[PDB]
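Structure file coords-v3.pdb; described as PDB, C-alpha atoms and all ligand atoms.
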```pdb
MODEL        1
ATOM      1  CA  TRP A   1       9.805 -15.026 -33.185
ATOM      2  CA  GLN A   2       7.531 -13.389 -30.588
ATOM      3  CA  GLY A   3       4.774 -15.903 -31.410
ATOM      4  CA  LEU A   4       7.244 -18.806 -31.395
ATOM      5  CA  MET A   5       8.165 -18.160 -27.732
ATOM      6  CA  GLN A   6       4.586 -18.723 -26.577
ATOM      7  CA  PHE A   7       3.915 -21.450 -29.151
ATOM      8  CA  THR A   8       2.827 -24.880 -27.923
ATOM      9  CA  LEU A   9       2.563 -28.245 -29.672
ATOM     10  CA  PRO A  10      -0.926 -29.809 -29.654
ATOM     11  CA  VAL A  11      -1.140 -32.976 -27.570
ATOM     12  CA  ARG A  12      -1.979 -35.027 -30.713
ATOM     13  CA  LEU A  13       1.329 -34.089 -32.368
ATOM     14  CA  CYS A  14       3.232 -35.030 -29.191
ATOM     15  CA  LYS A  15       2.404 -38.692 -29.791
ATOM     16  CA  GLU A  16       3.069 -38.799 -33.508
ATOM     17  CA  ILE A  17       6.134 -36.557 -33.805
ATOM     18  CA  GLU A  18       8.094 -39.427 -32.169
ATOM     19  CA  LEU A  19       7.271 -41.795 -35.058
ATOM     20  CA  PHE A  20       9.729 -42.110 -37.995
ATOM     21  CA  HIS A  21       6.958 -41.914 -40.612
ATOM     22  CA  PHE A  22       5.452 -38.690 -39.198
ATOM     23  CA  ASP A  23       4.907 -36.244 -42.070
ATOM     24  CA  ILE A  24       5.278 -32.558 -41.160
ATOM     25  CA  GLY A  25       3.755 -31.332 -44.470
ATOM     26  CA  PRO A  26       0.233 -30.572 -43.146
ATOM     27  CA  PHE A  27       1.452 -28.276 -40.321
ATOM     28  CA  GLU A  28       3.394 -25.483 -42.086
ATOM     29  CA  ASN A  29       2.649 -22.859 -39.428
ATOM     30  CA  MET A  30       3.961 -25.133 -36.657
ATOM     31  CA  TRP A  31       7.304 -26.087 -38.289
ATOM     32  CA  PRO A  32       9.499 -23.636 -36.331
ATOM     33  CA  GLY A  33       7.660 -24.615 -33.113
ATOM     34  CA  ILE A  34       8.031 -28.278 -33.953
ATOM     35  CA  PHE A  35      11.780 -27.768 -34.206
ATOM     36  CA  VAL A  36      11.922 -25.903 -30.864
ATOM     37  CA  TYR A  37       9.935 -28.802 -29.361
ATOM     38  CA  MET A  38      12.312 -31.412 -30.772
ATOM     39  CA  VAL A  39      15.397 -29.605 -29.442
ATOM     40  CA  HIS A  40      13.873 -29.329 -25.961
ATOM     41  CA  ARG A  41      12.857 -32.991 -25.841
ATOM     42  CA  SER A  42      16.299 -34.200 -26.996
ATOM     43  CA  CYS A  43      18.694 -31.570 -25.555
ATOM     44  CA  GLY A  44      16.578 -30.209 -22.687
ATOM     45  CA  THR A  45      14.726 -27.065 -21.703
ATOM     46  CA  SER A  46      17.773 -25.636 -19.904
ATOM     47  CA  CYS A  47      20.606 -25.457 -22.487
ATOM     48  CA  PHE A  48      19.399 -23.029 -25.159
ATOM     49  CA  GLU A  49      18.208 -19.505 -24.385
ATOM     50  CA  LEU A  50      14.643 -19.500 -25.731
ATOM     51  CA  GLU A  51      14.944 -16.040 -27.305
ATOM     52  CA  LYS A  52      18.267 -16.522 -29.130
ATOM     53  CA  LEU A  53      17.122 -19.959 -30.397
ATOM     54  CA  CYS A  54      13.830 -18.640 -31.767
ATOM     55  CA  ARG A  55      15.658 -15.797 -33.550
ATOM     56  CA  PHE A  56      18.181 -18.191 -35.040
ATOM     57  CA  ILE A  57      15.361 -20.471 -36.242
ATOM     58  CA  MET A  58      13.533 -17.631 -38.059
ATOM     59  CA  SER A  59      16.778 -16.398 -39.681
ATOM     60  CA  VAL A  60      17.457 -19.943 -40.874
ATOM     61  CA  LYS A  61      13.909 -19.971 -42.240
ATOM     62  CA  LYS A  62      14.443 -16.586 -43.949
ATOM     63  CA  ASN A  63      17.632 -17.823 -45.651
ATOM     64  CA  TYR A  64      16.027 -20.809 -47.360
ATOM     65  CA  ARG A  65      14.821 -19.969 -50.862
ATOM     66  CA  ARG A  66      11.512 -20.823 -52.510
ATOM     67  CA  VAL A  67      12.811 -23.678 -54.656
ATOM     68  CA  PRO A  68      10.869 -26.868 -55.386
ATOM     69  CA  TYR A  69      12.697 -29.259 -53.032
ATOM     70  CA  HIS A  70      15.750 -27.919 -51.142
ATOM     71  CA  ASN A  71      13.617 -25.481 -49.098
ATOM     72  CA  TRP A  72      12.493 -24.692 -45.531
ATOM     73  CA  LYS A  73      10.104 -27.675 -45.501
ATOM     74  CA  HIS A  74      12.966 -30.072 -46.355
ATOM     75  CA  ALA A  75      15.201 -28.600 -43.655
ATOM     76  CA  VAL A  76      12.584 -29.358 -40.969
ATOM     77  CA  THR A  77      11.777 -32.779 -42.474
ATOM     78  CA  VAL A  78      15.474 -33.702 -42.192
ATOM     79  CA  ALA A  79      15.611 -32.279 -38.634
ATOM     80  CA  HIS A  80      12.657 -34.426 -37.618
ATOM     81  CA  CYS A  81      14.088 -37.692 -38.944
ATOM     82  CA  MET A  82      17.224 -36.993 -36.916
ATOM     83  CA  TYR A  83      15.075 -36.304 -33.828
ATOM     84  CA  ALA A  84      13.481 -39.750 -34.100
ATOM     85  CA  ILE A  85      16.886 -41.356 -34.727
ATOM     86  CA  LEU A  86      18.343 -39.521 -31.724
ATOM     87  CA  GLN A  87      15.296 -40.325 -29.555
ATOM     88  CA  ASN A  88      15.565 -44.069 -30.318
ATOM     89  CA  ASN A  89      19.324 -44.147 -29.752
ATOM     90  CA  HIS A  90      19.559 -41.413 -27.171
ATOM     91  CA  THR A  91      22.496 -42.388 -24.961
ATOM     92  CA  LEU A  92      24.715 -43.617 -27.823
ATOM     93  CA  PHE A  93      25.367 -39.929 -28.530
ATOM     94  CA  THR A  94      26.626 -37.091 -26.400
ATOM     95  CA  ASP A  95      24.631 -34.023 -25.472
ATOM     96  CA  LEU A  96      26.859 -31.836 -27.675
ATOM     97  CA  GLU A  97      26.434 -34.133 -30.700
ATOM     98  CA  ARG A  98      22.623 -34.040 -30.435
ATOM     99  CA  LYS A  99      22.785 -30.254 -30.111
ATOM    100  CA  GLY A 100      25.025 -30.061 -33.182
ATOM    101  CA  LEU A 101      23.252 -32.690 -35.309
ATOM    102  CA  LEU A 102      19.743 -31.257 -34.881
ATOM    103  CA  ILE A 103      20.998 -27.771 -35.798
ATOM    104  CA  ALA A 104      23.075 -29.236 -38.635
ATOM    105  CA  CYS A 105      20.022 -30.975 -40.151
ATOM    106  CA  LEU A 106      18.034 -27.702 -40.008
ATOM    107  CA  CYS A 107      20.902 -25.746 -41.590
ATOM    108  CA  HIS A 108      22.186 -28.396 -44.031
ATOM    109  CA  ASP A 109      20.820 -26.801 -47.270
ATOM    110  CA  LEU A 110      20.884 -23.092 -46.307
ATOM    111  CA  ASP A 111      20.669 -20.754 -49.324
ATOM    112  CA  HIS A 112      20.365 -23.616 -51.864
ATOM    113  CA  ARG A 113      19.866 -22.100 -55.331
ATOM    114  CA  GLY A 114      18.278 -25.155 -56.999
ATOM    115  CA  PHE A 115      21.478 -26.199 -58.766
ATOM    116  CA  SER A 116      23.652 -29.288 -58.251
ATOM    117  CA  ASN A 117      27.396 -29.226 -57.511
ATOM    118  CA  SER A 118      28.169 -30.400 -61.086
ATOM    119  CA  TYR A 119      26.247 -27.510 -62.587
ATOM    120  CA  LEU A 120      28.266 -25.052 -60.499
ATOM    121  CA  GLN A 121      31.532 -26.782 -61.370
ATOM    122  CA  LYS A 122      30.771 -27.033 -65.096
ATOM    123  CA  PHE A 123      29.825 -23.342 -65.497
ATOM    124  CA  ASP A 124      32.603 -21.898 -63.294
ATOM    125  CA  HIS A 125      30.226 -20.458 -60.724
ATOM    126  CA  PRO A 126      32.178 -18.309 -58.199
ATOM    127  CA  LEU A 127      31.272 -20.792 -55.391
ATOM    128  CA  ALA A 128      32.977 -23.586 -57.382
ATOM    129  CA  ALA A 129      36.176 -21.478 -57.278
ATOM    130  CA  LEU A 130      36.125 -21.090 -53.465
ATOM    131  CA  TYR A 131      34.905 -24.650 -52.904
ATOM    132  CA  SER A 132      36.300 -27.225 -55.338
ATOM    133  CA  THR A 133      34.699 -30.295 -53.736
ATOM    134  CA  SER A 134      31.255 -30.558 -51.999
ATOM    135  CA  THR A 135      30.666 -27.015 -53.235
ATOM    136  CA  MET A 136      27.155 -26.302 -51.943
ATOM    137  CA  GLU A 137      27.593 -28.316 -48.754
ATOM    138  CA  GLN A 138      30.623 -26.169 -47.925
ATOM    139  CA  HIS A 139      28.513 -23.076 -48.675
ATOM    140  CA  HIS A 140      25.716 -24.415 -46.442
ATOM    141  CA  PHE A 141      28.121 -24.703 -43.504
ATOM    142  CA  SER A 142      29.648 -21.286 -44.137
ATOM    143  CA  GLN A 143      26.030 -20.039 -44.180
ATOM    144  CA  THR A 144      25.361 -21.705 -40.813
ATOM    145  CA  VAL A 145      28.380 -20.035 -39.213
ATOM    146  CA  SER A 146      27.280 -16.633 -40.683
ATOM    147  CA  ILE A 147      23.844 -16.843 -39.029
ATOM    148  CA  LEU A 148      25.374 -18.060 -35.739
ATOM    149  CA  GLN A 149      27.632 -14.993 -35.628
ATOM    150  CA  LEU A 150      24.710 -12.529 -36.086
ATOM    151  CA  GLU A 151      23.624 -10.251 -33.228
ATOM    152  CA  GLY A 152      21.582 -12.320 -30.756
ATOM    153  CA  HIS A 153      21.790 -15.513 -32.790
ATOM    154  CA  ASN A 154      24.745 -17.217 -31.050
ATOM    155  CA  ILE A 155      22.876 -20.101 -29.405
ATOM    156  CA  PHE A 156      26.272 -21.600 -28.431
ATOM    157  CA  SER A 157      27.406 -18.514 -26.458
ATOM    158  CA  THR A 158      27.016 -20.321 -23.115
ATOM    159  CA  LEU A 159      29.601 -22.942 -24.180
ATOM    160  CA  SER A 160      33.339 -22.973 -23.531
ATOM    161  CA  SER A 161      35.597 -22.284 -26.525
ATOM    162  CA  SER A 162      36.612 -25.943 -26.603
ATOM    163  CA  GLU A 163      32.963 -27.034 -26.662
ATOM    164  CA  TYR A 164      31.976 -24.303 -29.168
ATOM    165  CA  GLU A 165      34.602 -25.385 -31.696
ATOM    166  CA  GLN A 166      33.730 -29.045 -30.920
ATOM    167  CA  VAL A 167      30.100 -28.495 -31.964
ATOM    168  CA  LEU A 168      31.155 -26.530 -35.078
ATOM    169  CA  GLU A 169      33.145 -29.619 -36.116
ATOM    170  CA  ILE A 170      30.277 -32.021 -35.525
ATOM    171  CA  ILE A 171      28.190 -29.628 -37.638
ATOM    172  CA  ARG A 172      30.705 -29.007 -40.437
ATOM    173  CA  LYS A 173      31.338 -32.767 -40.783
ATOM    174  CA  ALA A 174      27.626 -33.515 -40.689
ATOM    175  CA  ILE A 175      26.748 -30.958 -43.388
ATOM    176  CA  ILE A 176      29.627 -32.093 -45.661
ATOM    177  CA  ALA A 177      28.399 -35.695 -45.293
ATOM    178  CA  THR A 178      25.086 -34.668 -47.010
ATOM    179  CA  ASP A 179      27.102 -34.464 -50.231
ATOM    180  CA  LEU A 180      25.767 -37.742 -51.681
ATOM    181  CA  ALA A 181      29.006 -38.153 -53.679
ATOM    182  CA  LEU A 182      30.697 -38.987 -50.311
ATOM    183  CA  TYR A 183      27.986 -41.384 -49.080
ATOM    184  CA  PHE A 184      28.854 -44.329 -51.336
ATOM    185  CA  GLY A 185      32.382 -44.645 -49.929
ATOM    186  CA  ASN A 186      31.110 -44.013 -46.412
ATOM    187  CA  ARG A 187      28.483 -46.778 -46.556
ATOM    188  CA  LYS A 188      30.791 -49.429 -48.037
ATOM    189  CA  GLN A 189      33.335 -48.832 -45.227
ATOM    190  CA  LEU A 190      30.669 -48.913 -42.521
ATOM    191  CA  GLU A 191      29.339 -52.115 -44.084
ATOM    192  CA  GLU A 192      32.790 -53.754 -43.987
ATOM    193  CA  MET A 193      33.415 -52.603 -40.389
ATOM    194  CA  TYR A 194      30.067 -54.022 -39.235
ATOM    195  CA  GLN A 195      30.435 -57.293 -41.170
ATOM    196  CA  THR A 196      33.940 -57.938 -39.757
ATOM    197  CA  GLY A 197      32.870 -56.854 -36.245
ATOM    198  CA  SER A 198      35.567 -54.169 -36.233
ATOM    199  CA  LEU A 199      33.098 -51.287 -35.830
ATOM    200  CA  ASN A 200      33.551 -49.261 -32.660
ATOM    201  CA  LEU A 201      31.608 -46.110 -31.818
ATOM    202  CA  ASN A 202      34.366 -45.197 -29.319
ATOM    203  CA  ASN A 203      36.657 -44.958 -32.366
ATOM    204  CA  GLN A 204      36.197 -41.310 -33.449
ATOM    205  CA  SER A 205      36.780 -41.973 -37.174
ATOM    206  CA  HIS A 206      34.102 -44.676 -37.073
ATOM    207  CA  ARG A 207      31.884 -42.356 -35.051
ATOM    208  CA  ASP A 208      32.092 -39.636 -37.716
ATOM    209  CA  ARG A 209      31.207 -42.246 -40.361
ATOM    210  CA  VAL A 210      28.061 -43.362 -38.477
ATOM    211  CA  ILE A 211      26.998 -39.728 -38.070
ATOM    212  CA  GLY A 212      27.540 -39.189 -41.803
ATOM    213  CA  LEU A 213      25.273 -42.139 -42.639
ATOM    214  CA  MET A 214      22.670 -40.811 -40.201
ATOM    215  CA  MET A 215      22.749 -37.530 -42.121
ATOM    216  CA  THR A 216      22.286 -39.341 -45.446
ATOM    217  CA  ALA A 217      19.451 -41.433 -43.963
ATOM    218  CA  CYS A 218      17.894 -38.176 -42.800
ATOM    219  CA  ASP A 219      18.399 -36.324 -46.103
ATOM    220  CA  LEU A 220      16.663 -39.107 -48.071
ATOM    221  CA  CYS A 221      13.799 -39.822 -45.612
ATOM    222  CA  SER A 222      11.027 -38.911 -48.086
ATOM    223  CA  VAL A 223      11.417 -42.551 -49.200
ATOM    224  CA  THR A 224      10.381 -43.698 -45.669
ATOM    225  CA  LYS A 225       7.134 -41.662 -45.487
ATOM    226  CA  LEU A 226       3.756 -43.188 -46.493
ATOM    227  CA  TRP A 227       3.425 -43.833 -50.209
ATOM    228  CA  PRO A 228       1.243 -40.808 -51.037
ATOM    229  CA  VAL A 229       3.549 -38.378 -49.199
ATOM    230  CA  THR A 230       6.527 -40.097 -50.852
ATOM    231  CA  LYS A 231       4.972 -39.754 -54.342
ATOM    232  CA  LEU A 232       4.274 -36.108 -53.691
ATOM    233  CA  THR A 233       7.803 -35.292 -52.518
ATOM    234  CA  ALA A 234       9.174 -36.996 -55.643
ATOM    235  CA  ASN A 235       7.336 -34.348 -57.733
ATOM    236  CA  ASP A 236       9.152 -31.668 -55.763
ATOM    237  CA  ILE A 237      12.536 -33.348 -56.354
ATOM    238  CA  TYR A 238      12.186 -33.868 -60.098
ATOM    239  CA  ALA A 239      10.603 -30.385 -60.423
ATOM    240  CA  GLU A 240      14.000 -29.004 -59.340
ATOM    241  CA  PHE A 241      15.964 -31.470 -61.482
ATOM    242  CA  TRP A 242      13.978 -30.425 -64.581
ATOM    243  CA  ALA A 243      14.344 -26.715 -63.777
ATOM    244  CA  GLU A 244      18.126 -27.252 -63.849
ATOM    245  CA  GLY A 245      18.055 -29.446 -66.959
ATOM    246  CA  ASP A 246      16.098 -26.653 -68.624
ATOM    247  CA  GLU A 247      18.816 -24.103 -67.892
ATOM    248  CA  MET A 248      21.235 -26.370 -69.736
ATOM    249  CA  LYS A 249      18.906 -26.702 -72.750
ATOM    250  CA  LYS A 250      18.849 -22.875 -72.988
ATOM    251  CA  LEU A 251      22.636 -23.254 -73.390
ATOM    252  CA  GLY A 252      22.111 -25.962 -76.074
ATOM    253  CA  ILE A 253      23.362 -28.716 -73.712
ATOM    254  CA  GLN A 254      21.344 -31.929 -73.335
ATOM    255  CA  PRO A 255      21.117 -32.573 -69.606
ATOM    256  CA  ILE A 256      21.514 -35.887 -67.799
ATOM    257  CA  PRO A 257      18.270 -37.885 -67.981
ATOM    258  CA  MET A 258      16.907 -37.300 -64.455
ATOM    259  CA  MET A 259      17.048 -33.538 -65.216
ATOM    260  CA  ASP A 260      15.309 -33.893 -68.578
ATOM    261  CA  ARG A 261      11.536 -33.292 -68.459
ATOM    262  CA  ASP A 262      11.140 -34.843 -71.938
ATOM    263  CA  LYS A 263      12.422 -38.161 -70.502
ATOM    264  CA  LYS A 264       9.985 -38.489 -67.584
ATOM    265  CA  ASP A 265       8.840 -41.973 -68.779
ATOM    266  CA  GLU A 266      12.170 -43.067 -67.277
ATOM    267  CA  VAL A 267      11.269 -41.783 -63.782
ATOM    268  CA  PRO A 268       9.749 -45.035 -62.451
ATOM    269  CA  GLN A 269      12.897 -46.887 -63.575
ATOM    270  CA  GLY A 270      15.086 -44.067 -62.214
ATOM    271  CA  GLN A 271      13.459 -44.443 -58.800
ATOM    272  CA  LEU A 272      14.021 -48.206 -58.924
ATOM    273  CA  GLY A 273      17.742 -47.597 -59.511
ATOM    274  CA  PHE A 274      17.859 -45.036 -56.712
ATOM    275  CA  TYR A 275      16.221 -47.361 -54.173
ATOM    276  CA  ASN A 276      18.449 -50.304 -55.152
ATOM    277  CA  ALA A 277      21.684 -48.306 -55.517
ATOM    278  CA  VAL A 278      21.237 -45.686 -52.814
ATOM    279  CA  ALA A 279      18.268 -45.672 -50.453
ATOM    280  CA  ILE A 280      17.752 -49.348 -49.509
ATOM    281  CA  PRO A 281      21.525 -49.764 -48.996
ATOM    282  CA  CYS A 282      21.578 -46.724 -46.712
ATOM    283  CA  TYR A 283      18.799 -47.867 -44.345
ATOM    284  CA  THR A 284      20.021 -51.482 -44.437
ATOM    285  CA  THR A 285      23.470 -50.564 -43.106
ATOM    286  CA  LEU A 286      21.923 -47.988 -40.730
ATOM    287  CA  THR A 287      19.589 -50.682 -39.320
ATOM    288  CA  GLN A 288      22.533 -53.022 -38.753
ATOM    289  CA  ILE A 289      24.352 -50.340 -36.723
ATOM    290  CA  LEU A 290      21.322 -48.743 -35.004
ATOM    291  CA  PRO A 291      18.623 -51.459 -34.890
ATOM    292  CA  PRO A 292      15.886 -49.181 -33.489
ATOM    293  CA  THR A 293      15.859 -47.351 -36.875
ATOM    294  CA  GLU A 294      14.479 -50.433 -38.737
ATOM    295  CA  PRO A 295      11.064 -48.791 -39.448
ATOM    296  CA  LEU A 296      12.942 -46.527 -41.884
ATOM    297  CA  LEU A 297      14.138 -49.584 -43.820
ATOM    298  CA  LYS A 298      10.667 -51.123 -43.509
ATOM    299  CA  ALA A 299       8.989 -48.059 -45.043
ATOM    300  CA  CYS A 300      11.704 -47.811 -47.693
ATOM    301  CA  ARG A 301      11.050 -51.382 -48.829
ATOM    302  CA  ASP A 302       7.297 -50.716 -48.904
ATOM    303  CA  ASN A 303       7.905 -47.743 -51.225
ATOM    304  CA  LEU A 304      10.278 -49.693 -53.485
ATOM    305  CA  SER A 305       7.541 -52.243 -54.141
ATOM    306  CA  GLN A 306       5.227 -49.298 -54.806
ATOM    307  CA  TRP A 307       7.576 -48.076 -57.565
ATOM    308  CA  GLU A 308       7.675 -51.725 -58.753
ATOM    309  CA  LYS A 309       3.873 -51.779 -59.063
ATOM    310  CA  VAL A 310       4.034 -48.583 -61.158
ATOM    311  CA  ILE A 311       6.619 -49.901 -63.652
ATOM    312  CA  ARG A 312       4.198 -52.677 -64.724
ATOM    313  CA  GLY A 313       1.165 -50.321 -64.666
ATOM    314  CA  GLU A 314      -0.721 -51.182 -61.455
TER     315      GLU A 314
HETATM  316  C1  LIG B 401      12.995 -39.598 -53.828
HETATM  317  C2  LIG B 401      14.396 -39.233 -54.303
HETATM  318  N1  LIG B 401      15.315 -38.616 -53.570
HETATM  319  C3  LIG B 401      16.359 -38.503 -54.378
HETATM  320  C4  LIG B 401      17.633 -37.962 -54.239
HETATM  321  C5  LIG B 401      18.016 -37.375 -53.033
HETATM  322  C6  LIG B 401      19.291 -36.835 -52.896
HETATM  323  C7  LIG B 401      20.182 -36.885 -53.969
HETATM  324  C8  LIG B 401      19.795 -37.474 -55.176
HETATM  325  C9  LIG B 401      18.519 -38.011 -55.320
HETATM  326  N2  LIG B 401      18.159 -38.575 -56.490
HETATM  327  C10 LIG B 401      16.932 -39.107 -56.653
HETATM  328  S1  LIG B 401      16.416 -39.840 -58.142
HETATM  329  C11 LIG B 401      17.863 -39.657 -59.260
HETATM  330  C12 LIG B 401      18.882 -40.788 -59.075
HETATM  331  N3  LIG B 401      18.741 -42.042 -59.504
HETATM  332  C13 LIG B 401      19.822 -42.729 -59.145
HETATM  333  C14 LIG B 401      20.189 -44.053 -59.329
HETATM  334  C15 LIG B 401      21.414 -44.493 -58.836
HETATM  335  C16 LIG B 401      22.265 -43.612 -58.163
HETATM  336  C17 LIG B 401      21.891 -42.284 -57.984
HETATM  337  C18 LIG B 401      20.664 -41.852 -58.478
HETATM  338  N4  LIG B 401      20.060 -40.671 -58.452
HETATM  339  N5  LIG B 401      16.005 -39.084 -55.600
HETATM  340  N6  LIG B 401      14.851 -39.502 -55.520
HETATM  341 MG    MG B 402      21.991 -30.663 -49.782
HETATM  342 ZN    ZN B 403      19.063 -31.935 -48.028
ENDMDL
END
```

Encoded form using structure tokens:
Amino acid sequence: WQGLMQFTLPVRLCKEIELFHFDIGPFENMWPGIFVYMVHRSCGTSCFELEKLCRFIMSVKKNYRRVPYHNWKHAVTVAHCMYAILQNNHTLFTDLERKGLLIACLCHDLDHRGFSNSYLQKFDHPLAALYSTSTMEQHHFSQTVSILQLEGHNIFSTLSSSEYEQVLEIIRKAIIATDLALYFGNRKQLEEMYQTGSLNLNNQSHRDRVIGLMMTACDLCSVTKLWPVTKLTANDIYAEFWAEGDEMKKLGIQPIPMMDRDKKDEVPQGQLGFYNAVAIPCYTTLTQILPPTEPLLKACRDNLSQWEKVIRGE
């Protein structure tokens, strides 16, 4: 972290980091510094102790595993998308929420092992015994708290108890909301609330639901990057799906299709289903509630039609 304290973002990145489509991929060595930058620009220079923050960042980094998709790179990619969301909707959120949500995005897949929640449930993994729903997402939070409580890592030490436990709740909720199994209910409710005009960000329950959708929107943002970056990040995703499907084949169990590397002809069609069923819906409702996030929906549509071109060989 010594080098991270005296790190500085190049003036070129200062312009582009603000854009939704910005792709962090090409700047691996700057990722921790990019996150520090984003926290300062959104939450200020004065709230986090530079040293404790930098140490926390590198311990978060160290506790992400080298797996195809749910890795350090993905953590920072999800943090960035949130930054741009926060930056375009700044005063709709409180200072404590932005503190908690940026950290939550960075920490939201800590210690991911490359296995889904169903895998862990089906094979009675210890973690499935402690956590019976949103198994990994509950582990990811518990992992966040564990780092926070390390010597010198408590970046929320300068908060009151009330505020500390407030930001842990923003965080816990936000990390749990990245369990995609919860998203579908969340989105349909948010859609109904918006369509009836009942939605109210001063209503806490509503407010938690918007934040949840923001986290989903952030988790999936590889579908809002430029086509070639999107393509590339799809390799990473299915690489991890197939790795897991393989582990089932070793146990003589045919995996679901998206985790079966012998069924990869079905990928183009699988992406079509995912954009129609999951991704487009997400950014559509998000754009209704936070209009300045439309470019996410715009880029998502662009990429859907790209997967449409592929299906008919073009
Ligand atoms: C680019 C991408 N990102 C994801 C993803 C991200 C988080 C959780 C699941 C994800 N699944 C996929 S593709 C497999 C899939 N196809 C579906 C169709 C309908 C509903 C869920 C689906 N998941 N993809 N594809
Ligand atoms: Mg996750
Ligand atoms: Zn994630």

Just give me the residues with any atom within 12 Å of (23.6, -14.9, -37.6), file coordinates, counting all atoms listed in the file, written as JSON, numbers by chain.
-> {"A": [52, 53, 54, 55, 56, 57, 58, 59, 60, 61, 62, 63, 107, 142, 143, 144, 145, 146, 147, 148, 149, 150, 151, 152, 153, 154, 155, 156]}

Check which residues fall inside 6 Å of ligand LIG 401 (chain B) when counting all atoms listed in the file, and print them as a list in words.
-> residues 220, 223, 234, 258, 270, 271, 273, 274, 277 and 278 of chain A

Counting all atoms listed in the file, the residue of A:114, A:245, A:197, A:291 that sits nearest ligand MG 402 (chain B) = A:114

Skipping near chain neighbours, those fewer than 6 positions away, what residues fall within 8 Å of range 21-38 of chain A using all atoms listed in the file, listed as a list in words?
-> residues 4, 7, 8, 9, 53, 54, 57, 58, 73, 76, 77, 79, 80, 83, 224, 225, 226, 229, 296 and 299 of chain A

Starting from the displayed file, determine the output of the PyMOL selection byres (((not hetatm)) within 7 of (chain B and resi 403)) and express the residue list as number ranges by chain.
-> A: 70, 74-75, 108-109, 178, 219

Step by step, work through what the PyMOL selection byres (((chain A and resi 286) around 10) and not hetatm) selects in the shown file, and finish by giving those residues as an NGL selection string.
-> :A and (187 or 190-191 or 210 or 213-214 or 216-217 or 280-285 or 287-294 or 296-297)

Looking at A:78, A:5, A:256, A:103, which one is nearest to ligand MG 402 (chain B), with distances taken over only C-alpha atoms and all ligand atoms?
-> A:78

Closest to residue 105 in chain A among A:252, A:246, A:215, A:185, using only C-alpha atoms?
->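 Among the listed residues, the smallest separation from residue 105 in chain A belongs to A:215.
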
If you count all atoms listed in the file, the residue of A:15, A:90, A:66, A:140 closest to ligand MG 402 (chain B) turns out to be A:140

What lies within 7 Å of residue 240 in chain A using only C-alpha atoms, ignoring chain neighbours under 3 positions off, as a list in words?
->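 The contact residues come out as residues 68, 69, 114, 236, 237, 243 and 244 of chain A.
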
Starting from the displayed file, determine the output of the PyMOL selection byres (((chain A and resi 171) around 12) and not hetatm) and express the residue list as a count of residues only.
-> 39

How many Å lie between CA of residue 186 in chain A and CA of residue 203 in chain A, rounded to one decimal?
->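 Here the two named atoms are 15.1 Å from each other.
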
Of the listed residues A:158, A:46, A:305, A:135, that which approaches ligand MG 402 (chain B) most closely, counting only C-alpha atoms and all ligand atoms =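 Closest to ligand MG 402 (chain B), using only C-alpha atoms and all ligand atoms: A:135.
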
How many Å separate CA of residue 115 in chain A from CA of residue 241 in chain A?
->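 Distance between the two atoms: 8.1 Å.
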
Residue contacts of residue 266 in chain A (12 Å, only C-alpha atoms) excluding same-chain residues fewer than 3 positions away, as a ChimeraX atom specification | /A:238,256-263,269-273,307,310-311

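Going from CA of residue 221 in chain A over to CA of residue 81 in chain A, you cover 7.0 Å.
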
Quick one: of A:162, A:118, A:134, A:204, who's nearest to ligand MG 402 (chain B), counting all atoms listed in the file?
->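 Nearest candidate to ligand MG 402 (chain B) out of A:162, A:118, A:134, A:204: A:134.
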
Nearby residues (only C-alpha atoms) at most 9 Å from residue 71 in chain A, same-chain spacing under 6 positions excluded, as a VMD selection string = chain A and resid 61 64 to 65 109 to 112

Grab the residues selected above and save them as a short mmCIF file (atom, residue, chain, number, x, y, z; two decimals), in the coordinates of the input with C-alpha atoms.
```cif
data_model
loop_
_atom_site.label_atom_id
_atom_site.label_comp_id
_atom_site.auth_asym_id
_atom_site.auth_seq_id
_atom_site.Cartn_x
_atom_site.Cartn_y
_atom_site.Cartn_z
CA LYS A 61 13.91 -19.97 -42.24
CA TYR A 64 16.03 -20.81 -47.36
CA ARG A 65 14.82 -19.97 -50.86
CA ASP A 109 20.82 -26.80 -47.27
CA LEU A 110 20.88 -23.09 -46.31
CA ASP A 111 20.67 -20.75 -49.32
CA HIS A 112 20.36 -23.62 -51.86
#
```
